[PDB]
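Novice: This is the structure I have questions about; it appears just below.
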Amino acid sequence: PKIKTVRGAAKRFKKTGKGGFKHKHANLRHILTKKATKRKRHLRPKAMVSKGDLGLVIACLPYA
Amino acid sequence: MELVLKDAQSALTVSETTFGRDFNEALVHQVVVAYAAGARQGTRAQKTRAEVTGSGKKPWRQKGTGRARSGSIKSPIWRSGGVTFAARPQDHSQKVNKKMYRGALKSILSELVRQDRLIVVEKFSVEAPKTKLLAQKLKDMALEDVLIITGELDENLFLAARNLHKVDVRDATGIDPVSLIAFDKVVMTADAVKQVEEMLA
Amino acid sequence: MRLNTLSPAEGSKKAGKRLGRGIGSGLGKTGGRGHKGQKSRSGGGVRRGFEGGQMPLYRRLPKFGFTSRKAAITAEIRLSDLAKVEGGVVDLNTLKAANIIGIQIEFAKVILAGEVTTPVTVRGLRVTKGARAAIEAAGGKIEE
Amino acid sequence: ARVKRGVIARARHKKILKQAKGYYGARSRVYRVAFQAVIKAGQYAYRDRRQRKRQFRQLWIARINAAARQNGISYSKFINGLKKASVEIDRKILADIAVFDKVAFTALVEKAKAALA
RNA sequence: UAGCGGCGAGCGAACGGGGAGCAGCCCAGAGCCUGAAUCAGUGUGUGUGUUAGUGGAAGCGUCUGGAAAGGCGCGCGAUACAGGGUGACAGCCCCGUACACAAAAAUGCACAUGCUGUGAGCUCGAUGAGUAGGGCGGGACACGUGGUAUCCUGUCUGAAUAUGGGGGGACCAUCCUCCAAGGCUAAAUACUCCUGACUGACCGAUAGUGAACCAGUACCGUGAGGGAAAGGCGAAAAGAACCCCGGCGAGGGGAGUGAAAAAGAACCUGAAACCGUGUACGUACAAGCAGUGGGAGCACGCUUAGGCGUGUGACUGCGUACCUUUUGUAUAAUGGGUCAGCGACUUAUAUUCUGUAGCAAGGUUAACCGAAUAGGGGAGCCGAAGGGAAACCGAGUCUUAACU
RNA sequence: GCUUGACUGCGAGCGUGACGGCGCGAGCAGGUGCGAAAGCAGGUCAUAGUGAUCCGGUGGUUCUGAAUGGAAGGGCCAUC
């Protein structure tokens with residue numbers, strides 16, 4: 001028994017150089033036309049995973 | 001770093017790294033424990049509750065008797081039908097790194113030098129395979145508990161010491177860490193010193 | 001040096017928790033697991049990523065991107081590795097015989113990540129700007 | 001390696017049953033009852049090493065008050081007189097002088113009466 | 001990992017690389033010359049076995065002792081000091097062991113050679129049709145119909161013939177590679193009802209097989225089926241001649257055997273719960289988790305007084321068990337009649353962190369070979385470079401027309 | 001009255017959240033509007049008018065394209 005990756009986590013998080021994870025922001029798939037352009041413009045670039053969620057992300061991604 | 005001989009009176013020159021380094025206690029202990037662990041045979045088993053001979057039916061029904069609830073005559077807390085975490089046959093061998101094994105051999109063989117437990121002779125053999133000749137020969141050399149190590153593997157010396165338990169005979173290839181510590185004296189051939197100094201460096 | 005005089009280094013051989021051995025071992029009566037609930041049960045504990053019934057973070061966030069299949073056959077070469085090519089020429093396959101890139105690699109690059117102090121003919125590889133300057137400074141030659 | 005338990009279990013039971021001698025009934029015969037009895041005797045020994053000092057202090061003060069009223073002064077006036085004379089004799093020794101040497105205790109009472117006024 | 005997936009839980013390749021092992025042939029067809037290599041059954045001399053077995057070295061004296069193999073003093077054998085037994089611990093007493101042998105008779109195993117069924121070599125031809133493919137419906141491929149290649153087909157249809165056909169992950173063109181719709185084929189791999197040898201940081205009678213024992217038995221069930229408890233005298237039966245009580249009892253007391261009957265068969269050791277006999281002390285006017293602190297008297301050892309040990313404990317202060325569960329339990333909440341024995345955080349494989357050890361910009365091999373814990377094997381893995389969805393660039397990169 | 005700043009790429013620093021997020025924002029660059037001009041304008045006096053992910057639909061972008069040239073499918077961006 002080798003550990004299996006949560007394969008839906010390997011498609012949403014990518015590992016950076018210090019060992020963090022980048023992910024795409026939520027709220028940018030559909031009803032966009034009521035959202036302001038400042039909000040969607042900030043939702044375009046990728047962000048890092050916060051401190052409380054890193055334990056969950058590392059447990060979901062042992063080989064990343 | 002110069003090893004004297006015992007009976008030829010003509011010395012020998014060895015490497016300073018092999019026979020003259022510090023004795024690493026923890027490295028030698030890890031390699032001795034690893035040898036003794038890989039010497040173990042791991043052939044044992046018991047039966048779990050899935051493997052005891054018996055039926056898998058409930059002995060008395062769940063509610064209504066005066067008894068505690070049970071589900072199997074093969075329960076581990078019942079007599080005749082126990083072991084909870086029963087053993088399987090397993091392999092107890094440990095991994096030793098190549099450099100760690102050689103550093104341990106260099107440390108123990110350096111201590112066999114410095115504690116006056118190493119003898120180097122030109123040739124150590126016997127003309128006919130009889131243990132009485134080697135008994136008289138080792139009583140001549142004041143050797144009681146002895147490990148002979150020879151460069152080329154000999155047959156007459158292997159038969160002349162097969163019956164003796166205080167005596168052991170090895171090749172320079174067949175050295176192991178736990179026997180160079182076990183025996184009192186280690187008698188190397190000069191060819192065996194050359195081959196060990198090649199094999200370890 | 002006898003077999004009853006060897007001993008490990010201190011801090012090498014910590015014992016291990018034995019759970020459920022009385023008041024005075026610190027780990028009797030439930031042994032570190034606390035009282036009742038799913039975690040103290042035998043075989044219990046929730047799976048990886050379960051945040052309650054709340055939508056977990058790997059399912060909360062969107063998916064992005066694709067896998068190239070071209071980036072699985074592009075390796076890279078440090079400048080402290082082409083002092084190992086056995087001859088002083090760098091090809092697509094003498095790196096592969098010096099065991100630095102791997103057999104399924106077809107495309108490769110040399111990157112400024114060290115020092116090179118020998119003439120090397122780098123042939124058939126892409127080269128970065130600083131690596132090209134640091135190879136042409138040491139008396140080499142970069143062709144296509 | 002299988003470990004039988006019987007010898008060390010028997011030793012651990014015999015220690016508790018040896019510390020339970022004198023007790024009534026199953027408290028000196030039965031390990032389950034004798035273990036609780038031995039732990040309860042231990043709690044009592046801990047509590048009563050404190051209780052002993054209090055009880056002996058009570059007895060010393062009762063005998064000092066008895067002999068002081070035999071000599072015509074109360075306890076509180078007598079201890080006031082031994083503080084106002086700087087006399088550091090404790091209450092164990094004052095009770096011992098009150099029992100065994102009544103003339104020396106009369107001398108101490110006269111000292112405390114002269115110091116009291 | 002790529003992918004598949006209410007893109008959830010999970011499922012999970014291949015290409016390529018290192019090893020073990022390596023072997024290719026036949027028919028769809030007419031002839032030359034007949035038996036020339038290999039496949040299956042059958043007599044017969046030889047090799048290795050398995051099936052009986054044979055030889056196989058070396059010690060005595062003395063003390064405790066029931067008994068010597070033990071202590072003590074001295075020799076000897078060893079290609080043999082594996083193991084077991086012998087009145088206690090045996091290399092030298094017996095069985096054996098290492099080593100060397102031995103089969104009238106049958107049989108296994110690769111070849112030889114004799115019989116039989118089968119066919120060497122070669123000119124020239126030919127090349128597996130209700131098939132491939134397709135429509136509908138299912139199934140298998142890691143692949144759940146998705147853009148889905150490929151394989152099998154229940155049902156319906158249906159080609160071409162090396163100038164032809166299949167595949168290369170929808171599909172088309174080029175190019176590469178192979179020739180379906182007929183078959184056989186050792187090795188490396190899987191398992192142990194059984195046999196023989198050896199081994200065990202495996203168990204030692206509640207354990208180890210359910211079964212150390214006349215055990216799948218006694219017993220239970222109509223039946224399928226279930227399923228026990230139960231080992232030990234001694235070195236040797238020398239297993240108590242005989243006598244007395246008693247019912248020509250059971251049981252006992254002697255005598256006798258023995259080292260021992262504190263081994264007599266209800267038999268080594270003989271624990272605890274439990275039940276008695278005797279002795280010392282206490283107890284019939286005194287209230288409760290039965291103890292603890294103080295403490296008189298008594299009994300018995302003391303030293304040659306000394307106010308201390310051991311046992312009991314009148315009287316007195318304090319003191320409502322244990323566990324679990326709870327905000328909270330003397331609780332009239334749970335659980336335990338007691339004793340003895342067994343009874344619960346383990347094992348494998350991965351991954352991260354800590355300690356410790358080795359080497360260090362390197363570290364380390366796995367399968368396997370093996371002169372088998374060595375040595376070889378670097379196939380691989382992790383790390384020294386990141387950024388980006390990606391092409392790509394790289395100590396930088398992305399965002400953007402470029403960024404304060 | 002005139003107009004489209006109800007722009008595009010960003011964003012010093014903050015606020016508020018367990019997080020997912022939500023919010024305020026000088027100033028930079030490109031282009032515009034009104035005003036003579038300093039200026040103001042990245043929606044509305046402010047605080048409600050909302051819905052993650054997956055799966056897919058539409059347009060743009062040869063970024064990828066399972067031998068190669070394409071293509072399907074995928075990615076990114078805008079959006080349902």
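Going through the structure tokens in order, the chains are called A, B, and so on, while each chain numbers its residues from 1 and the ligands are numbered from 1 in the order shown.
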Excluding residue 10 of chain F and any residue of its chain fewer than 2 positions from it, enumerate the residues within 9 Å of it, using only C-alpha atoms (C1' of nucleotides), and give them as number ranges by chain.

Specialist: E: 400, 403; F: 28-29

Novice: Can you pull out every residue from chain B that DSSP, working from the backbone, puts in strand (DSSP E), and format the result as a PyMOL selection string?

Specialist: chain B and resi 2-3+12-13+118-121+146-150+167-171+185-189

Novice: Write out, as a PDB file, in the first residue's frame, the residues just selected, with C-alpha atoms.

Specialist:
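Saved to part.pdb:
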ATOM      1  CA  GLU B   2      53.338  -0.093  10.443  1.00  0.00           C
ATOM      2  CA  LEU B   3      52.219  -3.582  11.482  1.00  0.00           C
ATOM      3  CA  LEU B  12      54.502  -4.758   7.003  1.00  0.00           C
ATOM      4  CA  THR B  13      53.115  -1.398   5.874  1.00  0.00           C
ATOM      5  CA  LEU B 118      45.794  -8.951  15.718  1.00  0.00           C
ATOM      6  CA  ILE B 119      48.497 -11.346  14.499  1.00  0.00           C
ATOM      7  CA  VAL B 120      49.979 -11.218  10.993  1.00  0.00           C
ATOM      8  CA  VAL B 121      52.109 -14.123   9.737  1.00  0.00           C
ATOM      9  CA  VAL B 146      41.403 -17.642  17.627  1.00  0.00           C
ATOM     10  CA  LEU B 147      40.020 -16.514  14.256  1.00  0.00           C
ATOM     11  CA  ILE B 148      42.250 -17.514  11.346  1.00  0.00           C
ATOM     12  CA  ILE B 149      41.718 -15.414   8.213  1.00  0.00           C
ATOM     13  CA  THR B 150      43.453 -16.461   4.994  1.00  0.00           C
ATOM     14  CA  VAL B 167      39.016 -21.807  16.479  1.00  0.00           C
ATOM     15  CA  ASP B 168      37.331 -20.394  13.398  1.00  0.00           C
ATOM     16  CA  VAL B 169      38.670 -20.127   9.839  1.00  0.00           C
ATOM     17  CA  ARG B 170      37.500 -17.489   7.356  1.00  0.00           C
ATOM     18  CA  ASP B 171      38.586 -16.089   4.037  1.00  0.00           C
ATOM     19  CA  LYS B 185      42.920 -13.113  18.700  1.00  0.00           C
ATOM     20  CA  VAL B 186      42.674 -12.693  14.930  1.00  0.00           C
ATOM     21  CA  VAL B 187      45.488 -14.274  12.906  1.00  0.00           C
ATOM     22  CA  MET B 188      45.662 -12.763   9.423  1.00  0.00           C
ATOM     23  CA  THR B 189      47.749 -13.963   6.533  1.00  0.00           C
TER      24      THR B 189
END

Novice: Chain A residues within 10 Å of chain C, counting only C-alpha atoms: which ones, as an mmCIF file with N, CA, C and O atoms, in the first residue's frame?

Specialist:
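Result file is iface09.cif:
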data_model
loop_
_atom_site.group_PDB
_atom_site.id
_atom_site.type_symbol
_atom_site.label_atom_id
_atom_site.label_comp_id
_atom_site.auth_asym_id
_atom_site.auth_seq_id
_atom_site.Cartn_x
_atom_site.Cartn_y
_atom_site.Cartn_z
ATOM 1 N N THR A 5 -2.904 9.830 -3.857
ATOM 2 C CA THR A 5 -3.235 11.246 -3.839
ATOM 3 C C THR A 5 -4.743 11.426 -3.963
ATOM 4 O O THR A 5 -5.409 10.677 -4.680
ATOM 5 N N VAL A 6 -5.292 12.396 -3.233
ATOM 6 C CA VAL A 6 -6.621 12.901 -3.548
ATOM 7 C C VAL A 6 -6.513 13.599 -4.897
ATOM 8 O O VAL A 6 -5.949 14.691 -4.993
ATOM 9 N N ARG A 7 -7.040 12.964 -5.944
ATOM 10 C CA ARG A 7 -6.751 13.395 -7.306
ATOM 11 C C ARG A 7 -7.469 14.679 -7.682
ATOM 12 O O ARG A 7 -7.027 15.369 -8.602
ATOM 13 N N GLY A 8 -8.555 15.016 -6.995
ATOM 14 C CA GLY A 8 -9.150 16.319 -7.173
ATOM 15 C C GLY A 8 -8.414 17.441 -6.485
ATOM 16 O O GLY A 8 -8.696 18.607 -6.761
ATOM 17 N N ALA A 9 -7.488 17.121 -5.587
ATOM 18 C CA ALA A 9 -6.622 18.129 -4.999
ATOM 19 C C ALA A 9 -5.382 18.381 -5.840
ATOM 20 O O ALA A 9 -4.829 19.482 -5.798
ATOM 21 N N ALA A 10 -4.948 17.395 -6.624
ATOM 22 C CA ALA A 10 -3.818 17.560 -7.528
ATOM 23 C C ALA A 10 -4.151 18.401 -8.751
ATOM 24 O O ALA A 10 -3.252 18.683 -9.546
ATOM 25 N N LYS A 11 -5.408 18.790 -8.928
ATOM 26 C CA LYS A 11 -5.844 19.593 -10.057
ATOM 27 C C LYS A 11 -6.188 21.014 -9.651
ATOM 28 O O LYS A 11 -6.554 21.818 -10.510
ATOM 29 N N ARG A 12 -6.091 21.340 -8.368
ATOM 30 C CA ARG A 12 -6.480 22.644 -7.858
ATOM 31 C C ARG A 12 -5.399 23.351 -7.062
ATOM 32 O O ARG A 12 -5.571 24.537 -6.758
ATOM 33 N N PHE A 13 -4.326 22.672 -6.683
ATOM 34 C CA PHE A 13 -3.243 23.259 -5.913
ATOM 35 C C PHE A 13 -1.934 22.943 -6.614
ATOM 36 O O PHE A 13 -1.748 21.834 -7.117
ATOM 37 N N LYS A 14 -1.033 23.917 -6.656
ATOM 38 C CA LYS A 14 0.290 23.692 -7.222
ATOM 39 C C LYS A 14 1.330 24.158 -6.216
ATOM 40 O O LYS A 14 1.138 25.173 -5.551
ATOM 41 N N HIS A 23 -3.379 28.456 -5.693
ATOM 42 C CA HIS A 23 -4.668 27.975 -6.158
ATOM 43 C C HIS A 23 -5.373 29.106 -6.889
ATOM 44 O O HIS A 23 -5.067 30.281 -6.691
ATOM 45 N N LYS A 24 -6.328 28.744 -7.735
ATOM 46 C CA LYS A 24 -7.142 29.739 -8.414
ATOM 47 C C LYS A 24 -8.243 30.226 -7.481
ATOM 48 O O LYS A 24 -8.773 29.467 -6.671
ATOM 49 N N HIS A 25 -8.564 31.512 -7.573
ATOM 50 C CA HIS A 25 -9.643 32.067 -6.767
ATOM 51 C C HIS A 25 -11.014 31.576 -7.209
ATOM 52 O O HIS A 25 -11.264 31.344 -8.393
ATOM 53 N N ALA A 26 -11.904 31.431 -6.232
ATOM 54 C CA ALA A 26 -13.315 31.188 -6.459
ATOM 55 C C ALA A 26 -14.009 32.467 -6.934
ATOM 56 O O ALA A 26 -13.393 33.532 -7.048
ATOM 57 N N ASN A 27 -15.302 32.319 -7.260
ATOM 58 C CA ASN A 27 -16.226 33.379 -7.690
ATOM 59 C C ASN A 27 -15.899 33.941 -9.075
ATOM 60 O O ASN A 27 -16.221 35.093 -9.358
ATOM 61 N N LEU A 28 -15.303 33.156 -9.974
ATOM 62 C CA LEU A 28 -14.984 33.667 -11.310
ATOM 63 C C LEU A 28 -15.287 32.615 -12.384
ATOM 64 O O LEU A 28 -14.463 32.314 -13.249
ATOM 65 N N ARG A 29 -16.479 32.020 -12.330
ATOM 66 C CA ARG A 29 -16.920 31.046 -13.325
ATOM 67 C C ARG A 29 -18.161 31.478 -14.089
ATOM 68 O O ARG A 29 -18.216 31.329 -15.313
ATOM 69 N N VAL A 49 -2.261 29.512 -0.249
ATOM 70 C CA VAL A 49 -3.141 28.905 0.738
ATOM 71 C C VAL A 49 -2.784 29.440 2.118
ATOM 72 O O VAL A 49 -1.606 29.624 2.447
ATOM 73 N N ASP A 53 -5.280 26.140 6.510
ATOM 74 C CA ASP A 53 -5.633 25.167 5.489
ATOM 75 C C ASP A 53 -4.446 24.355 4.986
ATOM 76 O O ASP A 53 -4.656 23.379 4.253
ATOM 77 N N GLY A 55 -2.397 22.334 6.580
ATOM 78 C CA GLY A 55 -2.393 20.963 7.074
ATOM 79 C C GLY A 55 -3.307 20.052 6.277
ATOM 80 O O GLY A 55 -2.932 18.925 5.934
ATOM 81 N N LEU A 56 -4.490 20.555 5.922
ATOM 82 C CA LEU A 56 -5.430 19.801 5.101
ATOM 83 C C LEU A 56 -4.882 19.584 3.696
ATOM 84 O O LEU A 56 -4.988 18.480 3.147
ATOM 85 N N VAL A 57 -4.286 20.627 3.104
ATOM 86 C CA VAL A 57 -3.760 20.518 1.740
ATOM 87 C C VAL A 57 -2.568 19.565 1.688
ATOM 88 O O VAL A 57 -2.445 18.757 0.758
ATOM 89 N N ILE A 58 -1.697 19.607 2.700
ATOM 90 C CA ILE A 58 -0.545 18.709 2.740
ATOM 91 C C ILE A 58 -0.990 17.267 2.963
ATOM 92 O O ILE A 58 -0.441 16.338 2.357
ATOM 93 N N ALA A 59 -2.022 17.057 3.789
ATOM 94 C CA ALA A 59 -2.558 15.710 3.952
ATOM 95 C C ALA A 59 -3.215 15.196 2.673
ATOM 96 O O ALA A 59 -3.100 14.010 2.358
ATOM 97 N N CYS A 60 -3.874 16.074 1.911
ATOM 98 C CA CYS A 60 -4.461 15.666 0.639
ATOM 99 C C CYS A 60 -3.428 15.426 -0.455
ATOM 100 O O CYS A 60 -3.735 14.723 -1.422
ATOM 101 N N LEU A 61 -2.227 15.986 -0.341
ATOM 102 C CA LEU A 61 -1.213 15.924 -1.397
ATOM 103 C C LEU A 61 0.114 15.462 -0.814
ATOM 104 O O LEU A 61 1.005 16.281 -0.557
#

Novice: Please list as a list in words every residue within 12 Å of residue 73 of chain E, counting only C-alpha atoms (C1' of nucleotides) and excluding residues in the same chain fewer than 6 positions away.

Specialist: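 Counting only C-alpha atoms (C1' of nucleotides), the residues come to residues 60, 61 and 62 of chain E.
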
Novice: Given the choices E:156, E:275, E:286, E:202, which gets closest to chain D if the distance is worked out from only C-alpha atoms (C1' of nucleotides)?

Specialist: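 Smallest separation from chain D among the options: E:202.
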
Novice: Sorted by chain and rising residue number, which residues of chain F lie within 8 Å of chain C, and what are their closest atom pairs and distances in Å to one decimal, counting only C-alpha atoms (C1' of nucleotides), as CSV?

Specialist:
residue,atom,partner,partner_atom,distance
F:20,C1',C:60,CA,7.0
F:52,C1',C:60,CA,5.7
F:53,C1',C:60,CA,5.1
F:64,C1',C:68,CA,6.6
F:74,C1',C:66,CA,7.2
F:75,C1',C:65,CA,5.5

Novice: Counting only C-alpha atoms (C1' of nucleotides), what is within 8 Å of residue 120 of chain C, bar same-chain residues fewer than 3 positions away, as a CSV table (one decimal) with N, CA, C and O atoms, in the first residue's frame?

Specialist:
chain,number,residue,atom,x,y,z
C,82,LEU,N,28.2,19.5,-16.6
C,82,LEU,CA,28.8,19.3,-17.9
C,82,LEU,C,30.3,19.2,-17.7
C,82,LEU,O,31.0,19.2,-18.8
C,88,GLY,N,34.2,16.3,-22.9
C,88,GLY,CA,34.1,17.8,-23.1
C,88,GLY,C,33.2,18.2,-24.2
C,88,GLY,O,33.3,19.4,-24.7
C,89,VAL,N,32.3,17.4,-24.7
C,89,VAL,CA,31.3,17.7,-25.7
C,89,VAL,C,29.9,17.3,-25.0
C,89,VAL,O,29.8,16.3,-24.4
C,90,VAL,N,28.9,18.2,-25.2
C,90,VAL,CA,27.6,18.0,-24.7
C,90,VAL,C,26.7,17.7,-25.9
C,90,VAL,O,26.6,18.6,-26.8
C,135,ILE,N,29.6,30.0,-20.5
C,135,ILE,CA,30.3,29.0,-21.3
C,135,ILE,C,31.3,29.7,-22.3
C,135,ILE,O,32.4,29.3,-22.5
C,139,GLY,N,35.9,29.7,-22.5
C,139,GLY,CA,36.6,29.1,-23.7
C,139,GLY,C,35.9,28.0,-24.4
C,139,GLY,O,36.5,27.1,-25.0
C,140,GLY,N,34.5,28.0,-24.4
C,140,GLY,CA,33.7,27.0,-25.0
C,140,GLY,C,33.2,27.4,-26.4
C,140,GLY,O,33.8,28.2,-27.1
C,141,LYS,N,32.1,26.7,-26.8
C,141,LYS,CA,31.5,27.0,-28.1
C,141,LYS,C,30.1,26.4,-28.1
C,141,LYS,O,29.9,25.3,-27.9
